[PDB]
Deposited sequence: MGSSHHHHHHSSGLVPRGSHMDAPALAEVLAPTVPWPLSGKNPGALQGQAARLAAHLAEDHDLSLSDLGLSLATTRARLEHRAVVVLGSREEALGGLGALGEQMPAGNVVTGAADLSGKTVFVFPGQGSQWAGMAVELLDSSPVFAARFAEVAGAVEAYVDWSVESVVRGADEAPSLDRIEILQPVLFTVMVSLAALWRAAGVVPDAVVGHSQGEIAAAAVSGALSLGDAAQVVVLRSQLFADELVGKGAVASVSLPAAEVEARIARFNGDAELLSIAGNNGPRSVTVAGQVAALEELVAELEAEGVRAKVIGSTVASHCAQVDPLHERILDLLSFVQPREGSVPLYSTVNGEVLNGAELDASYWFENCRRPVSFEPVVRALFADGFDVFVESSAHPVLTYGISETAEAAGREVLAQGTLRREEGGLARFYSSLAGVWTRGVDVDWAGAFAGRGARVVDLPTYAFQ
């Protein structure tokens, strides 16, 4: 039942397609002139009409003005922020990417709760699973209720992030976009397991909640993870001087050929990050993160096997590419042992991005509040001579239908199928010739 969109939300997407020279531009030019001249054709009717009918574009609009501004611009081959353009030259094999921490911002799920029924119904269903293992309400933390806990706290961030990522994947699925596979980074593998069905909701919810509550008890204060824009070899050489007495700092992830993470002791991490920043290199402590993917997780080994003994794994609808052991898992192999490897081992994301290229994936949808792994996939694609689409869902301070229809356009304009008519459900629009 529940639609992409509240009937009273004004953001709507207009899709246009052409194959002949200047055909997309001509069709846009004429429609903009007709809209202004006709003064009777309904905006909603024109939308559903365009939505139900090789070179592609989507105008994302909340208003007649934005419609004329978009078609007008497309008509004169001028770029605009609300007109998403592309060529439909991709096979469309799609993988959903579920990142770790870094995605979060303060109002992230709020707009989609208020304006997308589908997102709201999935959010409740997934919030309901986590809330079985927790005293607080996911929805109130997202809306910043006064009395609800903060997202700064790891044990609250990870379950919140889990719910938002799984619910975003359902919003993609309603709009007719369906993964052929999933891929997770760090905690992201939990969300990836939920969406694939490899864990039940309740199992995936219990894993995220218990493993983040452990990290909060045992690891907060003592460690973090930082994102560094240099290749592995350069970074091994910059941390060596910190690791005299003890290994304070270690490479916890490979995201691209020029992109890695470092995990360990907060002071040494912050010094390396300041050193590299002074030198014009991007290095940033990932928000609220603990020193996972390093030796600090080892004193937690037996606790973690006991905590996640419940986990019952099973084949999902769709394979999971393991960022932990380079295997393509049906879903049954995700036992408590796997979930220890996941928080201890460094995340070999980049090599499984190359494996996905070789198995025929050319569309990567990152199901997140803010795109963080998208640059690594694009850098990997360039270095592999592969033309691929790396598409985020939301961004900071853009959590609405305008942002989401933009990212949906991103995938459609490059050849992935989308039910655009879904955006007009229940509005009483009629297709007009």
> Which runs of the deposited chain sequence never show up in the coordinates?
Replying inline: 1-22, 76-79, 460-466
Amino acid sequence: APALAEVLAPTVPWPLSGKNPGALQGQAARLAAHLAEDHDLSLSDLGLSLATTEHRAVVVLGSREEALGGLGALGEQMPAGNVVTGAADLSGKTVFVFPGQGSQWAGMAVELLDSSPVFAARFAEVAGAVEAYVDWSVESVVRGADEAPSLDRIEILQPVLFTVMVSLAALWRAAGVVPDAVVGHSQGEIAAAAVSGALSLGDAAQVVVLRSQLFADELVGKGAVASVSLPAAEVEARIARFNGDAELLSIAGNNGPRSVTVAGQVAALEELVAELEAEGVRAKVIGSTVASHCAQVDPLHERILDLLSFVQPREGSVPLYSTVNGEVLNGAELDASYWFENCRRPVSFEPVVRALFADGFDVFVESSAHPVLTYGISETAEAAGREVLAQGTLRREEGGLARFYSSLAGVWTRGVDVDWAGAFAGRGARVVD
From here on, numbers count along this sequence of modelled residues.
> If you average the CA temperature factors over each stretch, which comes out higher, 162-170 or 329-337?
Replying inline: 329-337
> Which wins on mean Cα temperature factor, 316-324 or 131-139?
Replying inline: 131-139
>> Out of 290, 90, 199, 182, whose C-alpha atom has the biggest B factor in the entry?
In response: 290
> Looking at 177, 193, 305, 83, which has the highest Cα B-factor in the entry?
Replying inline: 305
> Among the modelled residues of its chain, does the C-alpha B-factor of residue 51 lie in the lowest, middle or highest third?
Replying inline: middle
> Thinking about Cα B factors across the chain, which third does residue 21 belong to?
Replying inline: highest
> Lowest, middle or highest third: where is residue 406 by C-alpha B factor in its chain?
Replying inline: lowest
> Compared with the other modelled residues in the chain, in which third is the CA B-factor of residue 374?
Replying inline: middle
> Mind checking which third residue 220 falls in for C-alpha B-factor across the chain?
Replying inline: highest
